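What follows is the residue order along each chain.
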Amino acid sequence: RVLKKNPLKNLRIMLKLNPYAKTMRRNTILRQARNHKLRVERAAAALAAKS
Amino acid sequence: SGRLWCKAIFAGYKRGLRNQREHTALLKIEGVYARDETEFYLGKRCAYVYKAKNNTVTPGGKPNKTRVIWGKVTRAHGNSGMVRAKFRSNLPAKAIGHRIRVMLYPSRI
Amino acid sequence: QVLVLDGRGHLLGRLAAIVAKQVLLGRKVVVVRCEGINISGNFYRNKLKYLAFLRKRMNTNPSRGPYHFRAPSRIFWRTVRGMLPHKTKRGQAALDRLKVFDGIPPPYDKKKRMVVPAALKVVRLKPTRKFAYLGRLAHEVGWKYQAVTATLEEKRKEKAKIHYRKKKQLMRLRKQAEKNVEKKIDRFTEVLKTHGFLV
Amino acid sequence: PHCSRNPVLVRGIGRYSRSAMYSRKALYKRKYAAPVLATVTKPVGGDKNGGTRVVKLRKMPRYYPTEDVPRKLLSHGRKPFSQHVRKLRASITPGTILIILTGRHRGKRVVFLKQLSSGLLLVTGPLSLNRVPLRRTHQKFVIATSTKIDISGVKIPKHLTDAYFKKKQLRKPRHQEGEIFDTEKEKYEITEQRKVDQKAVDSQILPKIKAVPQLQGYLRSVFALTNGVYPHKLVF
Amino acid sequence: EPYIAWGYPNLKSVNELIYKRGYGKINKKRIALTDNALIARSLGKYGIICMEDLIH
RNA sequence: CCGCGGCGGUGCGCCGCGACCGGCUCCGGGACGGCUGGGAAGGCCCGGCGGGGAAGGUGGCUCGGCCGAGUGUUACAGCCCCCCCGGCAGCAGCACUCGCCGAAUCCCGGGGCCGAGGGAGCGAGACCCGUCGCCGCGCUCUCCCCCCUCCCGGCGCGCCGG
RNA sequence: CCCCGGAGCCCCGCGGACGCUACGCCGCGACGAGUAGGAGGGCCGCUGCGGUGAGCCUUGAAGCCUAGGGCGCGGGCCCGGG
RNA sequence: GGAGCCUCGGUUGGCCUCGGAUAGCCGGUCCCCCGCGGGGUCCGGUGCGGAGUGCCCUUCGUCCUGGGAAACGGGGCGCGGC
Ligand SMILES: [Mg+2]
Ligand SMILES: [Mg+2]
């Protein structure tokens, strides 16, 4: 009997089933990092325009 | 040199109206009255404490009449800051409406 | 460790509720000046409703019967006992913590005596509604010791006036003493108003 | 032996890729074109008449028992305590102040110094003020207050470490049976080394607390709840 | 109608069902789809060879 | 006998810890899609064009010290409101939380509780043992360089050489 | 480009459990209300006969008693003391 | 003062105005009436209540010496009267 570990939680299990998830989830960290930065620079440009 | 346990009552066992379930107490903790002001207590160590005729041992001490059933505040019971605990034996019902010392000492603070 | 509630200006079954639940958690509760307690709905109404309760009795042997206490203390204590499990041991154990009084006698005349606002008439009734005073209701239903309770309580309130007056005098002395002293307590009192008192 | 050529994005997920890695390491250009009977294995010795003998390193067992347990199954994860990663509640910084809850320094306030290897906290309530020496405590039984002395620069000795804060006595046999054997021995003595180390640490900390007003008194004082006061409500 | 609730799922709903609660019916035994080589074994004739293909 | 060396199973009794996995239950973060390619709003104001409550107005009366307050009438804009034409970057389902629906258009981190349930080594001169699948990587058998600097070595806490 | 009485082994076709009472042992799944009623298995139980325990027994059988110790889901059973 | 069974709970205190709610609380009376107080008017303060139970009181290591601020306070189950 094989323990079903939940892929949604268990990163590696997900990959063993669906290997492409590594790439998808490489992005949408990086994609979000990108977008977080951009919002800081917008907030900086709004504070500078206010000054 | 003073008290190091927040006071709490043992209000009874977890239960539906006509079916009791002994293995799961309901502690009313002194001064906490919202399923909001009861995160703190989750995870904490709690003790029904009492004494009896025959002596017992005591950690860090000579033998003594006092005994406890240790426990653990497990989760947060219905709305009005009542809580649930789960003790290592089930509490004895003699206890119903007495003190059970809730500690601070599995802290997440 | 003891709850002393001034029964005055509460709603009979409202305060009872709180008391019951307290008493079962193991709080020794004392209610006091019950005859002040006031029951919602108009008087005649409630007198009639007590008079039902007096109509109730075991035919064959009244002596065994529902014991209609007339004293407004008892009357409150009866209505707590209706909100307890009093046949059990734990319900009777609880009921032995409740202590009730017709007026307010010596151990608790000199005690800061609480109020439950959730039971309070001025909070729970609309102000355009009628309500009995229990004192009256007891009286008309057979309670004796109304006048005696009243006339002891005048003597209580007179004695209390004096206590209060003398308290007021000490408070005035303190206020004056702080004004005398302020400059030599400045670098305490300051800290108590940086950490949120005095203001 | 180079370090990791990609960083960590998140536990287990690499920042880079396969093919972005292929470039970095350079799998291009790093291509490796590469196309008993008589002789006894492991014994051997000397000795006189008849010639030289052959012993056998590791000789087979002189007895077997009648039944025995049969292996396990590899299990994959689960890593002996030494090797575990350690933790720390962010509220505990070096030179914070704690309330040590549970042992005979019960409710005593105290100064945190460093995390040990173990995981435990090295702590001192400069034995002077509080009566709490160089001791360990477990994160868990320790409220972290919001009071911090700038301990920053104090040479807490390197040699004081998890090993030296560790209980000692008792070996196996001796006389054993009767009314004797290590029921006596009796005391933990303190040792000059420990007294020196305390001194060395205290002198360094102690000024820093005396620079804060009141704090030495705070530290002397014991923590304890009282009436009309609730852990959940108040703060440390 | 009175016995069921039903509707048109999301994509996410498909995934969350199929990864978390998806078990094959393999030789009539209910079996947790732990690895792709279970899906393939029985739907390979259909070009369905991994968890992902099944969802699709 | 001392080695608590290596392995195997164990604990007299009471306890505590830790990290890993299964399952839950919550919390805190952030990033996005869609819509009336959202509605309102905010902010700068300019030019016009009307309409209404009702105004720095006036008026009858009242109440207080020309001024303030309270009613009343016709009603422009010197309190606003409303529509009509024309135009700006500050928006953004907005921490000014006014009103959705969502996530291959979505991920990170933290806490509480319950649980561990199984056992692919029984060879005589050579392991009492790993490991399957997956992730990658990470390293190396390819060279370079740069930094920081822990151990050690050297030179003047600073600088240079695992 | 050689032979396992020796490749050293995650696979070994040269020989094969610690395992294999094959009425044995092992692994996966799913499932489990029940009168009347049916069927299965009882190393449940009582009395007697053929076999069989180089069985037990005056150094104490049967039976009886038992706030002693255990096993069995259970029917029941094993122990200790009298 | 010494031991020694048993029964248990507990694990800082709060020593008090009356009451009102489409209202209250406190001052001070310059002024007036009543028995240091009570009642009155007038004025001044607070009033999502700080003269607040969202509160108040009380401290929780022991000792040393050798400075300051604060200082005649505390005790001897200290002892007699009202
Ligand atoms: Mg005790
Ligand atoms: Mg059945």
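Notes on the structure follow.

A separate point is the overall build of chain B. Broken down by element type, chain B carries zero helices and seven strands. The N-to-C order of helical and strand elements in chain B reads β-β-β-β-β-β-β. Rg of the C-alpha trace for chain B: 14 Å, near the compact-globule value of 13 Å for 109 residues, within the 12% margin. Here the C-alpha coordinates of chain B stretch approximately 45 × 40 × 20 Å along the principal axes. Buried residues in chain B amount to 40% of all 109 residues. Counting every atom, chain B has about 6100 Å² of accessible surface; 49% of that belongs to carbon and sulfur. Put simply, chain B has 24 plus and 5 minus side-chain charges, and the middle of one group is 13 Å from the middle of the other.

Highest in contacts among the four pairs of chains that touch are chains B and D. The closest approach of any C-alpha atom in chain A to one in chain C is 33 Å; the two make no contact. In this structure chain C stays clear of chain D, and the shortest span between their C-alpha atoms is 11 Å.

Residue and element names in this part refer to chain C. In this structure, the second largest pocket spans a volume of roughly 830 Å³. The wall of the second largest pocket is formed by 23 residues, among which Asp109, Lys110, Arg113, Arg156 and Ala160 lie closest to the centre. Looking at side-chain class alone, the lining of the second largest pocket contains six nonpolar, three polar and 14 charged residues.

Residues and elements named next belong to chain C. Contact geometry for helix α2 (residues 43-55) and helix α6 (residues 134-141): axes closest at 10 Å, N-to-C directions at 45°. Classified by the angle between their axes, α2 and α6 sit oblique to one another. Helix-helix and strand crossings are classified by hand; for α2 and α6 the assignment is right-handed. Residues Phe43, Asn46, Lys47, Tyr50, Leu51 and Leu54 of α2 form the contact with α6, whose participating residues are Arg136, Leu137, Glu140 and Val141.

Let us now look at the sheet that holds strand β4 (residues 64-70) of chain B. Residues and elements named next belong to chain B. With respect to topology, three strands assemble into an open sheet ordered β4-β3-β7, the strand pairing being antiparallel. The strands lining the two open edges of the sheet, one partner per strand, are β4 and β7 (100-102). With strand direction ignored, the average angle separating the axes of adjacent strands in the sheet is 40°. In this structure, strand β3 (residues 46-56) lies alongside β7, joined through three bridges in antiparallel fashion. Each residue of the ladder has a partner; that of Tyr48, found in β7, is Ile100.

Moving on to the protein's contact with RNA strand G. Taken together, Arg1 of chain A, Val36 and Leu37 of chain D together with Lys29 and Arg30 of chain E make up all the residues around RNA strand G. If you look at RNA strand G and keep only atoms within 4 Å of the protein, 89% of those are sugar or phosphate atoms. Here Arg1 of chain A contributes a backbone N or O atom positioned 2.8 Å from a phosphate oxygen of RNA strand G. A distance of 3.1 Å separates a base oxygen of RNA strand G from a polar atom in the side chain of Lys29 of chain E. Here the residues of the surface near RNA strand G are counted per class, giving two nonpolar, no polar and three charged.

One can find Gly2 of chain B in the segment before β1 (8-16). The sequence separation of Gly2 of chain B and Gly60 of chain B amounts to 58 residues, and the corresponding C-alpha distance is 18 Å.

To continue, consider the interface of chain D and chain B. The interface of chain D with chain B comprises 22 residues on the first partner and 19 residues on the second. Taken together, both faces of the contact between chain D and chain B bury some 1700 Å²; the carbon and sulfur share is 60%. On the surface where chain D and chain B come into contact, there are zero salt bridges. Seen at the junction of chain D and chain B, the total is nine residue pairs in polar contact. Of the residues in the side of chain D that touches chain B, the class split is twelve nonpolar, six polar and four charged.

This part is about the interface of chain D and chain A. Taken together, the contacts link nine residues of chain D with seven residues of chain A. The largest share of the area that chain D buries against chain A comes from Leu9, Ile13 and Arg15 of chain D, three residues that together contribute 59% of it. Summed over the shared surface of chain D and chain A, the number is zero salt bridges. Here chain D is connected to chain A by one residue pair in polar contact. Of the residues belonging to the side of chain D that touches chain A, the class tally is four nonpolar, four polar and one charged.

Cut-offs applied
- Residues numbered from 1 in each chain as written, not as in the entry; some residues may be left out.
- Chains lettered and ligands numbered in written order.
- Part of a larger assembly, values for the part shown.
- Heavy atoms only, no water.
- Residues with missing side-chain atoms left out of burial classes, pairs and counts.
- Helix = DSSP H or I, 4+ residues; strand = E, 2+ residues; numbered from the N terminus.
- Rg over C-alpha atoms; globule rule 2.2 N^0.38 Å.
- Buried < 20%, exposed > 50% of the residue type's maximum accessible area, 1.4 Å probe, protein only.
- Areas by Shrake-Rupley, 256 points an atom, 1.4 Å probe, with all protein chains shown as cover.
- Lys, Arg positive; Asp, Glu negative; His and termini not counted.
- Charge placed at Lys NZ, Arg CZ, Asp CG, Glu CD.
- Contact = heavy atoms within 4.5 Å.
- 1 Å grid on protein atoms, 1.4 Å probe; cavity = no way out; pocket = protein on both sides within 12 Å on 5 of 7 lines; lining within 4 Å.
- Points joined across faces, edges and corners; volume = space filled by probe spheres on them.
- Nonpolar A, V, L, I, M, F, W, Y, C, P; charged D, E, K, R; others polar.
- Axes fitted to C-alpha atoms, helices over the stretch in contact; angles between N-to-C directions.
- Parallel < 35°, antiparallel > 145°, perpendicular 65-115°, else oblique.
- Left-handed = near helix turned anticlockwise from the far one by under 90°.
- Pairing = 2+ DSSP bridges.
- Near = heavy atom within 4 Å.
- Polar contact = N/O pair within 3.5 Å; in protein donor to acceptor, adjacent residues only side chain to side chain.
- Buried area = accessible area lost by both parts, 1.4 Å probe.
- Salt bridge = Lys/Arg side-chain N within 4 Å of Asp/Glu carboxyl O.

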